[PDB]
Each structure stands twice: as C-alpha cells, then as structure tokens.
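Read the structure below first, then the notes.
Residue indices begin at 1 and follow the sequence shown. Below, all heavy atoms of this structure are taken into account, side chains as well, without hydrogens, waters or symmetry copies. Remember, it's 1-based here, ligands and their atoms both numbered in the order they're listed.
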Amino acid sequence: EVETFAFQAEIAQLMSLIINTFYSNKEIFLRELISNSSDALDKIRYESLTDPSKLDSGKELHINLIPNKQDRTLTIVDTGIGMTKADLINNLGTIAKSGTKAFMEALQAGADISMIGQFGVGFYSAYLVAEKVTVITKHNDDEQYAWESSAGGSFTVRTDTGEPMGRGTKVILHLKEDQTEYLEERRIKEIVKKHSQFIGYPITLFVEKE
Ligand SMILES: CCNC(=O)[C@H]1O[C@@H](n2cnc3c(N)ncnc32)[C@H](O)[C@@H]1O
C-alpha cells in the first residue's frame, strides 16, 4: 500500500544542510508554508474563473493553523489547488522547477537560510523545526494522497482514506522535542504578524480544546 522513494541527490543534500547547519532563526518556516498555501489558493482561484465547477469541492479559500500540544504537531491547512500523486513525487522529491542549485550556491557565497523562499524551496524549511513532515493532499483530478518523510534520503507516498478533505493540502509538522514553542498561541500570532500580515486569504489560528 506504501511506496518508498529516494529523494533526488541534490534535494537530499539540501535537506541535510537545513537539518545540520547551526541556524537559530527557525521561525521563518511558517512564512514559507503560508506563502506556499497562498500560491495554491491563487491557482484554484484563477482556474475557477473559467471553470466554476472546480469549486464544487469547496468555494472557501482560506488557511488554517492548527496546533496540537498532545500530538506535538502544528498543521498548516489550505483549500488551494492541491497536488496529484505525480505532483507530490515531482515537486517534493526532485529539483523540478525549484532553485535548489541556486540556493546551495548562494549559501556558499554569503546568503543565509532565511533567504530560502527566494529560491522556491521554502517547503524544506519545515525541517528546521520538524522531525517528520506529513503532507495530505487532494486535487480535483486525483484521489487523496499522503506523502511523508523524516528526511534521511527517502520519502513515502500512499493513498489516504478516512477523513476525505474536499480539496487542498495539509502540511503536518511533527515537531522536534525542543521546538514546542511553535505550538504556543502567542508565538504563532507573533510570527504571523511579523512575516505574514499581508497574505490575501484569511488565516485562522485554532484554539486548543483543553
Ligand atoms: C519543495 C519545493 N517545491 C514546492 O514546494 C512545490 O510543491 C508545490 N506545493 C508546495 N506547497 C503546496 C501547497 N500547500 N499546495 C499545493 N502545492 C504545493 C508547489 O508546486 C511548490 O512549488
């Protein structure tokens, strides 16, 4: 039921640099994931202009931030375009249209990790704070899939049943033990205000029930 894949070599190298470089300004991961969500929302907004039935899977365009202290997870949910199975494997597993090469060269020429979004690889900044990342996604043209990786050079993809989402993507960050500050309401609010205050879709920060 589960397929296991190797990252393209350059992607594994990039992930290793992100995981092993001493770099304290880890909060920038959230900006990068929210920007990726905003881009995905732009895409379905545009496609629905000439094909309104693409919103049959949900008209609302928004971003949800869901902390769970019991599971030690932070989840970033959007109702954007979503990804097909091929999209997951290509976009997360290979260089594809990213600036992976430019970023790694830039780091050797005076750039720092906070500039990762300039190079189209902001998603991998999740590994600044997460030991494992799970991506659940549903595109209008495919079934629901789950991508997962704890780095180390490989990732898995499986069909995801139970809790079907209408359309969009959930990025589930299983946080490192010493990065639980990013589950705290005050900290998340601070980061969103600092780095994501002009995003063109509603960002809702969920409250914990306990
Ligand atoms: C890992 C670096 N590559 C990407 O992030 C690409 O993966 C896709 N992607 C990333 N996040 C999302 C998302 N929330 N929704 C849809 N596609 C995404 C986009 O095509 C990105 O350009």
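- Under a 4.0 Å heavy-atom criterion, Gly120 is in contact with ligand 1.
- Of the listed residues (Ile95, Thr94, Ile116, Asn91), the one carrying the non-hydrogen atom nearest atom 3 (N) of ligand 1 is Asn91.
- With hydrogens and angles left out, the side-chain atoms of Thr84 and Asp141 include no donor and acceptor closer than 3.5 Å.
- Nearest heavy-atom pair, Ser57 versus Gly166, reported as atom, atom and distance to 0.1 Å: CB-O, 3.4 Å.
- Contacts between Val171 and ligand 1, counted as non-hydrogen atom pairs separated by less than 4.0 Å, are absent for every part of the residue.
- Taking any N or O of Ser98, backbone or side chain, none lies under 3.5 Å from an N or O belonging to ligand 1.
- Distances from atom 11 (N) of ligand 1 to the heavy atoms of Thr169, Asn36, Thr100, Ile34 show the closest one on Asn36.
- When all heavy atoms are compared, the tightest approach of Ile11 to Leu92 is CG2-O, 4.2 Å.
- Side-chain atoms of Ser16 do not come within 3.5 Å of backbone N or O of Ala12 as any donor-acceptor pair.
- Atom CG of residue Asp112 and atom CG of residue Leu107 lie 7.5 Å apart, to the nearest 0.5 angstrom.
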